[PDB]
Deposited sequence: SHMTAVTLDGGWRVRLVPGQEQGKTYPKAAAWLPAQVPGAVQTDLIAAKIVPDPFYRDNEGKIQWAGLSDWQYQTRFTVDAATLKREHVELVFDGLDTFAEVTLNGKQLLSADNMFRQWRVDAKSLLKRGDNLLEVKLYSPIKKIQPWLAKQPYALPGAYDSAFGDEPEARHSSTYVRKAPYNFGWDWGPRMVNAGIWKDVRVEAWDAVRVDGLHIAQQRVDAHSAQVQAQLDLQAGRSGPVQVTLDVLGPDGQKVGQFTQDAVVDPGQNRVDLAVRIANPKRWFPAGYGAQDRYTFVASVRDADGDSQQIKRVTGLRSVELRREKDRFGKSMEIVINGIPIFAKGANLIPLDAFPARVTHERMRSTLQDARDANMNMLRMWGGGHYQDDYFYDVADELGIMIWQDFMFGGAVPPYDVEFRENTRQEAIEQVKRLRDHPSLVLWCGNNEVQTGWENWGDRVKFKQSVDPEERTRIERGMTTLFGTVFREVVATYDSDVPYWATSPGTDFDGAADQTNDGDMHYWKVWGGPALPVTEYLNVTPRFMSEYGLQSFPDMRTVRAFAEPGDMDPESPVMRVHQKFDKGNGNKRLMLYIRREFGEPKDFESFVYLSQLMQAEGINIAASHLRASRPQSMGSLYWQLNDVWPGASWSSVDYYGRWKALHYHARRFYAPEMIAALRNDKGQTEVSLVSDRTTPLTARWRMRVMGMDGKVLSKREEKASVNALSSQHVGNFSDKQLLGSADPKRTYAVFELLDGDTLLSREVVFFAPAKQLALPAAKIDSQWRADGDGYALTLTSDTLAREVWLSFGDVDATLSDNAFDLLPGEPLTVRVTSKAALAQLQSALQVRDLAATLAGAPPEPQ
């Protein structure tokens, strides 16, 4: 009869496994406490008030013991006579993090060792009618692995040292376990070595047939037709007839097709395939290139006992090509969707929380909506994280955000034993089978940075030169197999129509990593390494830039969420805890970049704002330069979109979903039509018109050279016809040609792109660092008007640069922010909030660059 499934999400409880020293130190954790499933024991402990919130102030240290301990979960559940009657009864674990031993009514059931795998076990003979006891013990991966690791001839190059000294330097357990790399701490997140039943548990019972999957395999898709094949995976316990019926519904919900196929299934695995052709398909396009049209494929399988079982897949029909052809810049790297080369615009996505089990659908959706709102068309889901929730991909499908999907390897050099390899293979098979039917998933990538680290990081170079050359060969072979063969075959076998990429950055093992004329690049000599000036971005142009970034502080409201008024100084212990770059020493690097442009911030609120401006203006330079270089570059994914906790990072959106200056700037430098005017270290300003349209853009552009006093010193305007999908250099001016004896400290230049009379894009250029400028003191008028929300009109008598609007702790949203105001030209922004007009008015704060730098102290001794 009908497949039944019961989710075990009731009365779990957890305690320390008896016999540990932590049981003596934390008696409340030696006693049973309530546990949420899905969950982490860490968040159970926080909920029980056994430890404080590790995000708040410097509390991170107070929960570290939990990741060094072993934990014992239990739940009771009821099984009826009718379930024990069924031909099959299985327990299914969607997610155990990570080393787990599971017993059922006292008897061994399952050993598990991969955060990312699903575990199905025959339970029928171990269950009893009535009450049943399920027990799950989770073992700390640090406690388990270190004793073994300590005895090995070497430790593989890994990730980050423990700031708490509870693993040896450069001997990381994280390398040897399939567990989200970022749990062990990263340079924008806390060390939270979670243990937990972090996804659902079910008791499933079935008889003749179990439906394991529906996959709509896209064989070919173009304007004229899509040929697909609906593939049903059926597990059978006995031989017998089945009938599959298949309804196909179009984007509009109307039936486009209906199909039937009979088959006989045999014990074990069976596949029933139904060929489907759709004429003139309504294809799925990314954001900015058309509709995100999707079809619905509804299958029903009637087994030998007459019972039917439905399964649906929502499909976006589209072709995906990773085009790499030789040209005058080397070898191209371009994402081509439905035959359209898409310049990739976006960022790198990390997990949404240090505790991934508690993330809400709301947060998943607003994170993607943020990306869509900033004119992005791709997110790269970085390999140091975890594979996302099904719902996350659903939303990406709906919004047209392409996903570059790393497998969850974050840079550590993997071991080359067969067991590790086959463990990882099974992970890949399940994740690819789980995610393949999402149209947004357009590329699979073997890892983050393993090859470039092997080739370019000092510790890897020293390591690979220290082992015997034959051992180096064993380790390189293991990597080449895992990332070159294993993952590639999984994608070729299960998700055949999307490309695979061995490593980011790389050339898919054709050659070395991080080249400028082949494959992609992670460019970090700005911010990292030699910490070069941001204008150095103008000198670096790879075929695809898949990481680069600058750091900043989160919103002031977010800062107040984790820090108290006595902590408000980047050098306080609490702010140092929330700065994870360069082992707590990161403020030095942040101040280097802030001071270069803005000198010494005069107070903490100014420091936060200037950190965000330094980041926003710097990434603006780089992103604009990459887009203007087309077809030399074909991708810009900045590091990073988002945060796992409140703290300093390279994000454009902080942990509470609050936009930084960068995200507002990103909406602009990623706009489908854009003007870039970029002044390099040699005083040459290159002007370019960028268009992502699939049609020609008949337009005009203007430049205006201005005194800070509001005198218009020169004006120029040309026509331009901008070809579809291109960038066009329209000028290259020296400071002399632009200024001509005029004071660079007292002069700026405005560049605009127009389509008829509608302003498409604007860039304001300066000829000296902000700290040297004679910026005017702006008087900014603000007028309110009730609308939907409210309309807020701002007008400055003079140039006002990088205006930042806020409202204290009053929660309100703005349609724009971090903008420049030109003399006398009003800007209206939309204000949405639950607060009344009077409150908003009293709460409104308006900040600008001139005011911020006025009264600044000199740069420190």
What residue ranges of the deposited sequence are absent from the coordinates?
-> 789
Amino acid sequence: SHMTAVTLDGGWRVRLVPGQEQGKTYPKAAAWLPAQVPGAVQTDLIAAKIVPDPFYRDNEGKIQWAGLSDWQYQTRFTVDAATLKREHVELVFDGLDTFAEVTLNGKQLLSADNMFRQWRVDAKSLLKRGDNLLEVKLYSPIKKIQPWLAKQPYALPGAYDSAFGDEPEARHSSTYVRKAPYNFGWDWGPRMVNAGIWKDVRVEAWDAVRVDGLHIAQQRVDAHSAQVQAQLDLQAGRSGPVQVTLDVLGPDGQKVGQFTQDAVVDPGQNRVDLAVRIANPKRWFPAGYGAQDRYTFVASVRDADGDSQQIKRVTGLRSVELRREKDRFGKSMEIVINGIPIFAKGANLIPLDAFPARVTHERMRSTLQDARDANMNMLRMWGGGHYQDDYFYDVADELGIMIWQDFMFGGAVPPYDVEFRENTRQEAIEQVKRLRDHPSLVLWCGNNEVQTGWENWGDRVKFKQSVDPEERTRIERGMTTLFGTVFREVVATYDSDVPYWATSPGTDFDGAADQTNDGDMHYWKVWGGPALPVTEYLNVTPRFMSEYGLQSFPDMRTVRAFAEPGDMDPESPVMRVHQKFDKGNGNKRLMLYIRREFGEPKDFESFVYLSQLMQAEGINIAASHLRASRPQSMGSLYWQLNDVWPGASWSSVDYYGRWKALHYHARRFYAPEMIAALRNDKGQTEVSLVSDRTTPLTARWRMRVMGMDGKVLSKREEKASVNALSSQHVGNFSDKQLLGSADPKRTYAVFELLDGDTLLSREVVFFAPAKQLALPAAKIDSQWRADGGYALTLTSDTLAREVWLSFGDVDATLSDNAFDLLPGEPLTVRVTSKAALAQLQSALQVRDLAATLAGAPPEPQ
From here on, numbers count along this sequence of modelled residues.
Entry-level comparison of average CA B-factors, 304-312 and 523-531, reporting the higher stretch = 304-312
Give the stretch, out of 791-799 and 37-45, with the larger mean C-alpha temperature factor in the deposited entry.
-> 791-799
Highest recorded Cα temperature factor - choice among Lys282, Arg460, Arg488, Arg702 = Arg702
Per the deposited entry, the peak Cα B-factor within the set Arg630, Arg358, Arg425, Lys199 goes to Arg358
Chain thirds of CA B-factor: placement of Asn59 = middle
Where does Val51 sit by CA temperature factor within its chain: lowest, middle or highest third?
-> middle
Entry-reported Cα temperature factor of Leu246, expressed as the chain third it lands in | highest
On the chain's distribution of Cα B-factors, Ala66 falls within the third called lowest
Third of the chain's Cα B-factor distribution that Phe767 belongs to, per the entry | highest
